[PDB]
Each structure stands twice: as structure tokens, then as C-alpha cells.
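> Sending over a structure as C-alpha cells; questions will come in a sec.
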Amino acid sequence: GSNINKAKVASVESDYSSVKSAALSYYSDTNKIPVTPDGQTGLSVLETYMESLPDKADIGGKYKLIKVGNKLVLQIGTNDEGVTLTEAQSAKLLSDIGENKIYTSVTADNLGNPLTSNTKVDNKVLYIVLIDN
């Protein structure tokens, strides 16, 4: 329960850090935000920059990269499966990553409701800002 759940959150944080470094490299080299091709999932857009591509989050859900306004966003989950978070998992993720990054909804233009330290997520797609311009 408690310790396993905290380590699943830490695993997403490690994936986030690795993907963020690779994304910044791609952005510096191409002058364009790396995005998953329309109609696909996964991080193969970053394959030149990563020895091993993260596939699924330990909290549930496949990874992909989307543009939301001017921001690069790590999407965690798809139609098939979203993330699951207890309040304690949400609290750790926010303590470690900080504010204005983790969202429970987006449109193509705008970040939606921010995750809070009291939020439970039951099989829903989650969003973490990687690059804020």
C-alpha cells in the first residue's frame, strides 16, 4: 500500500526528469517542440536522445507528448487506461514537482484544473508541463 504507492509516484518523477532532459535537447537542436504524431501514443519522437524510451507510468497509462498553447506537456494515459492516485500519492507528486505543472484536464489551448494535495484520481488521463515558454 503506502510505501509501494510512494515508489510508483517516484518512478513517474524519474520518467518525467529523463523525458524533460531529452525534450529540451530536441527543442534546442530543431527549434521545435517534440510532439507525438497525431493519432499515435508513445515517445518515439525522442528516440535519438534516449537509450531506453519510457512506455507506461507505474501509476497507470501510456506516455505521449502534446502541445497545449505554447507549452510542451507529458500526457499520462489514453482512452485505454488513465492514472490512479490516492491523496497521499497526489501530495508526494506535488511536493516533488511543485505548482503550475500537474493538471487533471486540458483543451488544445488551455491547462485545466490543477492537481491538489487532496485530489484522488480514479483511472483518468493526467498532464505534466515539461517546457513552459
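Naming scheme: A, B, ... for chains in displayed order of the C-alpha cells; residues 1 onward per chain; ligands 1 onward as shown.
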Residues of stretch 22-126 of chain A in strand (DSSP E) according to DSSP, as a ChimeraX atom specification?

/A:63-68,71-76,83-85,102-103,121-124,126

> Can you pull out every residue within 8 Å of stretch 102-114 of chain A, counting only C-alpha atoms, but drop anything in the same chain fewer than 3 positions away, and send it as a ChimeraX atom specification?

/A:67-69,94,99,124-129

> With N, CA and C atoms retained, write the just-selected residues as a PDB file, in the first residue's frame.


```pdb
ATOM      1  N   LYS A  67       1.279  19.404 -27.409  1.00  0.00           N
ATOM      2  CA  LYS A  67       1.447  20.864 -27.270  1.00  0.00           C
ATOM      3  C   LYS A  67       0.116  21.417 -26.761  1.00  0.00           C
ATOM      4  N   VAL A  68       0.161  22.191 -25.685  1.00  0.00           N
ATOM      5  CA  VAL A  68      -1.014  22.900 -25.104  1.00  0.00           C
ATOM      6  C   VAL A  68      -0.664  24.388 -25.100  1.00  0.00           C
ATOM      7  N   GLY A  69      -1.267  25.171 -25.999  1.00  0.00           N
ATOM      8  CA  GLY A  69      -0.817  26.547 -26.285  1.00  0.00           C
ATOM      9  C   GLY A  69       0.655  26.569 -26.665  1.00  0.00           C
ATOM     10  N   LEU A  94       3.099  16.453  -6.003  1.00  0.00           N
ATOM     11  CA  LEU A  94       3.089  17.938  -5.933  1.00  0.00           C
ATOM     12  C   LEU A  94       4.256  18.454  -5.085  1.00  0.00           C
ATOM     13  N   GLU A  99       4.247  23.573  -8.026  1.00  0.00           N
ATOM     14  CA  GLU A  99       2.962  24.107  -8.545  1.00  0.00           C
ATOM     15  C   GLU A  99       3.014  24.385 -10.055  1.00  0.00           C
ATOM     16  N   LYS A 124      -7.969   8.217 -14.732  1.00  0.00           N
ATOM     17  CA  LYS A 124      -8.127   9.417 -15.591  1.00  0.00           C
ATOM     18  C   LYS A 124      -6.770   9.818 -16.184  1.00  0.00           C
ATOM     19  N   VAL A 125      -6.790  10.373 -17.387  1.00  0.00           N
ATOM     20  CA  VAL A 125      -5.574  10.917 -18.043  1.00  0.00           C
ATOM     21  C   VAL A 125      -5.070  12.098 -17.210  1.00  0.00           C
ATOM     22  N   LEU A 126      -3.752  12.161 -17.013  1.00  0.00           N
ATOM     23  CA  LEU A 126      -3.052  13.204 -16.229  1.00  0.00           C
ATOM     24  C   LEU A 126      -2.073  13.912 -17.166  1.00  0.00           C
ATOM     25  N   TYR A 127      -1.762  15.169 -16.863  1.00  0.00           N
ATOM     26  CA  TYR A 127      -0.913  16.051 -17.685  1.00  0.00           C
ATOM     27  C   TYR A 127       0.151  16.709 -16.800  1.00  0.00           C
ATOM     28  N   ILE A 128       1.419  16.664 -17.224  1.00  0.00           N
ATOM     29  CA  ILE A 128       2.527  17.367 -16.508  1.00  0.00           C
ATOM     30  C   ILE A 128       3.287  18.246 -17.504  1.00  0.00           C
ATOM     31  N   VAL A 129       3.307  19.551 -17.251  1.00  0.00           N
ATOM     32  CA  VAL A 129       4.057  20.509 -18.110  1.00  0.00           C
ATOM     33  C   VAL A 129       5.547  20.143 -18.058  1.00  0.00           C
TER      34      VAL A 129
END
```

> I'd like the neighbourhood of residue A:27 as a list in words, where a residue qualifies if any of its atoms comes within 12 Å (using only C-alpha atoms), though same-chain residues fewer than 3 positions away should be ignored.

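Counting only the stated atoms, we get residues 20, 21, 22, 23, 24, 30, 31, 32, 33, 34, 35, 45, 46, 49, 71, 72, 130, 131 and 133 of chain A.
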
> Can I get the selection written as a PDB file, in the first residue's frame, with N, CA, C and O atoms?


```pdb
ATOM      1  N   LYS A  20      12.101  15.106 -19.821  1.00  0.00           N
ATOM      2  CA  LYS A  20      12.278  16.578 -19.854  1.00  0.00           C
ATOM      3  C   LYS A  20      13.658  16.909 -20.445  1.00  0.00           C
ATOM      4  O   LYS A  20      13.737  17.837 -21.267  1.00  0.00           O
ATOM      5  N   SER A  21      14.713  16.219 -20.013  1.00  0.00           N
ATOM      6  CA  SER A  21      16.101  16.475 -20.483  1.00  0.00           C
ATOM      7  C   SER A  21      16.201  16.202 -21.992  1.00  0.00           C
ATOM      8  O   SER A  21      16.755  17.057 -22.747  1.00  0.00           O
ATOM      9  N   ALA A  22      15.648  15.074 -22.439  1.00  0.00           N
ATOM     10  CA  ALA A  22      15.628  14.670 -23.863  1.00  0.00           C
ATOM     11  C   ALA A  22      14.828  15.700 -24.670  1.00  0.00           C
ATOM     12  O   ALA A  22      15.270  16.050 -25.800  1.00  0.00           O
ATOM     13  N   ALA A  23      13.679  16.149 -24.154  1.00  0.00           N
ATOM     14  CA  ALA A  23      12.799  17.099 -24.878  1.00  0.00           C
ATOM     15  C   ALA A  23      13.536  18.431 -25.066  1.00  0.00           C
ATOM     16  O   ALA A  23      13.413  19.039 -26.137  1.00  0.00           O
ATOM     17  N   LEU A  24      14.235  18.894 -24.034  1.00  0.00           N
ATOM     18  CA  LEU A  24      14.968  20.187 -24.106  1.00  0.00           C
ATOM     19  C   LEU A  24      16.061  20.106 -25.180  1.00  0.00           C
ATOM     20  O   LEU A  24      16.248  21.110 -25.910  1.00  0.00           O
ATOM     21  N   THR A  30      16.338  21.405 -32.970  1.00  0.00           N
ATOM     22  CA  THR A  30      15.385  21.519 -34.109  1.00  0.00           C
ATOM     23  C   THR A  30      14.692  22.885 -34.116  1.00  0.00           C
ATOM     24  O   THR A  30      14.135  23.250 -35.173  1.00  0.00           O
ATOM     25  N   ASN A  31      14.664  23.573 -32.979  1.00  0.00           N
ATOM     26  CA  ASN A  31      13.888  24.820 -32.760  1.00  0.00           C
ATOM     27  C   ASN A  31      12.385  24.519 -32.812  1.00  0.00           C
ATOM     28  O   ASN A  31      11.611  25.461 -33.069  1.00  0.00           O
ATOM     29  N   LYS A  32      11.974  23.271 -32.577  1.00  0.00           N
ATOM     30  CA  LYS A  32      10.534  22.934 -32.483  1.00  0.00           C
ATOM     31  C   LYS A  32      10.314  21.994 -31.299  1.00  0.00           C
ATOM     32  O   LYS A  32      11.202  21.180 -30.987  1.00  0.00           O
ATOM     33  N   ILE A  33       9.177  22.178 -30.633  1.00  0.00           N
ATOM     34  CA  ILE A  33       8.700  21.332 -29.504  1.00  0.00           C
ATOM     35  C   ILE A  33       8.497  19.914 -30.032  1.00  0.00           C
ATOM     36  O   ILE A  33       7.825  19.735 -31.044  1.00  0.00           O
ATOM     37  N   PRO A  34       9.068  18.865 -29.390  1.00  0.00           N
ATOM     38  CA  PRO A  34       8.831  17.487 -29.806  1.00  0.00           C
ATOM     39  C   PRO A  34       7.406  17.063 -29.427  1.00  0.00           C
ATOM     40  O   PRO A  34       7.053  17.180 -28.274  1.00  0.00           O
ATOM     41  N   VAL A  35       6.638  16.576 -30.397  1.00  0.00           N
ATOM     42  CA  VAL A  35       5.258  16.083 -30.126  1.00  0.00           C
ATOM     43  C   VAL A  35       5.106  14.687 -30.712  1.00  0.00           C
ATOM     44  O   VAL A  35       5.737  14.382 -31.736  1.00  0.00           O
ATOM     45  N   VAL A  45       9.283   9.926 -30.854  1.00  0.00           N
ATOM     46  CA  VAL A  45       9.788  11.240 -31.362  1.00  0.00           C
ATOM     47  C   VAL A  45      11.140  11.571 -30.695  1.00  0.00           C
ATOM     48  O   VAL A  45      11.993  12.211 -31.357  1.00  0.00           O
ATOM     49  N   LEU A  46      11.366  11.124 -29.457  1.00  0.00           N
ATOM     50  CA  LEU A  46      12.633  11.404 -28.705  1.00  0.00           C
ATOM     51  C   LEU A  46      13.652  10.263 -28.830  1.00  0.00           C
ATOM     52  O   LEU A  46      14.666  10.312 -28.093  1.00  0.00           O
ATOM     53  N   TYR A  49      17.492  10.521 -28.669  1.00  0.00           N
ATOM     54  CA  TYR A  49      18.028  11.193 -27.452  1.00  0.00           C
ATOM     55  C   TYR A  49      17.960  10.293 -26.207  1.00  0.00           C
ATOM     56  O   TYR A  49      18.537  10.683 -25.179  1.00  0.00           O
ATOM     57  N   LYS A  71       3.052  25.491 -24.536  1.00  0.00           N
ATOM     58  CA  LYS A  71       3.712  24.556 -23.582  1.00  0.00           C
ATOM     59  C   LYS A  71       3.843  23.155 -24.186  1.00  0.00           C
ATOM     60  O   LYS A  71       2.907  22.704 -24.872  1.00  0.00           O
ATOM     61  N   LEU A  72       4.953  22.477 -23.890  1.00  0.00           N
ATOM     62  CA  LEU A  72       5.096  21.009 -24.068  1.00  0.00           C
ATOM     63  C   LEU A  72       4.590  20.314 -22.810  1.00  0.00           C
ATOM     64  O   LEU A  72       5.038  20.678 -21.706  1.00  0.00           O
ATOM     65  N   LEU A 130       6.176  19.965 -19.221  1.00  0.00           N
ATOM     66  CA  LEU A 130       7.647  19.709 -19.351  1.00  0.00           C
ATOM     67  C   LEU A 130       8.398  21.016 -19.629  1.00  0.00           C
ATOM     68  O   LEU A 130       9.437  21.261 -18.975  1.00  0.00           O
ATOM     69  N   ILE A 131       7.906  21.791 -20.592  1.00  0.00           N
ATOM     70  CA  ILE A 131       8.570  23.035 -21.080  1.00  0.00           C
ATOM     71  C   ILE A 131       7.521  24.141 -21.085  1.00  0.00           C
ATOM     72  O   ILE A 131       6.528  24.012 -21.804  1.00  0.00           O
ATOM     73  N   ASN A 133       7.124  28.035 -21.914  1.00  0.00           N
ATOM     74  CA  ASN A 133       7.732  29.147 -22.701  1.00  0.00           C
ATOM     75  C   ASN A 133       7.117  30.482 -22.253  1.00  0.00           C
ATOM     76  O   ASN A 133       7.516  31.091 -21.252  1.00  0.00           O
TER      77      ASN A 133
END
```

> Run DSSP on the backbone of this structure and report the residues of chain A it assigns to alpha helix (DSSP H), as a PyMOL selection string.

chain A and resi 2-30+87-97

> Would you save the residues of that selection, restricted to C-alpha atoms, as a compact mmCIF listing (two decimals), in the first residue's frame?


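part_38.txt, freshly written:
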```txt
# COMPACT_ATOMS: atom_id res chain seq x y z
CA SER A 2 1.69 3.19 1.40
CA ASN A 3 5.43 2.52 0.52
CA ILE A 4 4.70 0.81 -2.88
CA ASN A 5 2.34 3.74 -3.78
CA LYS A 6 5.05 6.36 -2.91
CA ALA A 7 7.62 4.44 -5.09
CA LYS A 8 5.17 4.36 -8.09
CA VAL A 9 4.97 8.20 -7.82
CA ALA A 10 8.82 8.39 -7.60
CA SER A 11 9.02 6.22 -10.80
CA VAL A 12 6.84 8.76 -12.71
CA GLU A 13 9.09 11.60 -11.37
CA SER A 14 12.21 9.74 -12.72
CA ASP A 15 10.50 9.23 -16.14
CA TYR A 16 9.44 12.95 -16.11
CA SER A 17 13.08 14.07 -15.44
CA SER A 18 14.56 11.80 -18.21
CA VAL A 19 11.89 12.85 -20.79
CA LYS A 20 12.28 16.58 -19.85
CA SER A 21 16.10 16.48 -20.48
CA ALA A 22 15.63 14.67 -23.86
CA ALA A 23 12.80 17.10 -24.88
CA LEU A 24 14.97 20.19 -24.11
CA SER A 25 17.79 18.67 -26.30
CA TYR A 26 15.36 18.02 -29.23
CA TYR A 27 13.94 21.59 -28.82
CA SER A 28 17.47 23.15 -28.80
CA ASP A 29 18.54 21.11 -31.90
CA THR A 30 15.38 21.52 -34.11
CA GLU A 87 -4.44 11.68 -1.92
CA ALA A 88 -1.03 10.62 -0.42
CA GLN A 89 0.31 9.94 -3.99
CA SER A 90 -1.01 13.34 -5.26
CA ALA A 91 0.60 15.06 -2.21
CA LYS A 92 4.03 13.47 -2.93
CA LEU A 93 3.92 14.24 -6.70
CA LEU A 94 3.09 17.94 -5.93
CA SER A 95 5.71 18.19 -3.11
CA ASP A 96 8.39 16.88 -5.53
CA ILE A 97 7.45 18.71 -8.81
```

> Go through A:83, A:66, A:53, A:59 and flag the residue nearest residue A:121, using only C-alpha atoms for the distances.

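With only C-alpha atoms as the atom set, the closest residue is A:83.
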
> Work out how far atom CA of residue A:132 is from atom CA of residue A:73, in Å to one decimal.

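Spanning atom CA of residue A:73 to atom CA of residue A:132 is a straight-line distance of 8.9 Å.
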
> What's the separation between atom CA of residue A:117 and atom CA of residue A:98, in Å to one decimal place?

10.6 Å

> Just to confirm, what's the straight-line distance from atom CA of residue A:118 to atom CA of residue A:64 in Å (one decimal)?

25.8 Å

> Any idea what's packed within 9 Å of residue A:54, counting only C-alpha atoms, ignoring anything in its chain fewer than 2 positions away? Could you give it as a list in words?

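Skipping anything fewer than 2 positions along the chain leaves residues 15, 18, 19, 42, 43, 50, 52, 56, 57, 62 and 63 of chain A.
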
> Can I get the selected residues back with C-alpha atoms, as a PDB file, in the first residue's frame?


```
ATOM      1  CA  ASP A  15      10.499   9.231 -16.140  1.00  0.00           C
ATOM      2  CA  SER A  18      14.563  11.800 -18.213  1.00  0.00           C
ATOM      3  CA  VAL A  19      11.889  12.854 -20.790  1.00  0.00           C
ATOM      4  CA  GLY A  42       4.430   6.903 -27.092  1.00  0.00           C
ATOM      5  CA  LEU A  43       7.738   8.847 -27.019  1.00  0.00           C
ATOM      6  CA  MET A  50      17.011   8.295 -25.087  1.00  0.00           C
ATOM      7  CA  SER A  52      15.559   3.445 -23.433  1.00  0.00           C
ATOM      8  CA  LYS A  56       3.876   3.270 -19.344  1.00  0.00           C
ATOM      9  CA  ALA A  57       3.743   5.132 -15.998  1.00  0.00           C
ATOM     10  CA  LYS A  62       0.838   5.210 -21.679  1.00  0.00           C
ATOM     11  CA  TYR A  63       3.037   8.323 -22.162  1.00  0.00           C
TER      12      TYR A  63
END
```
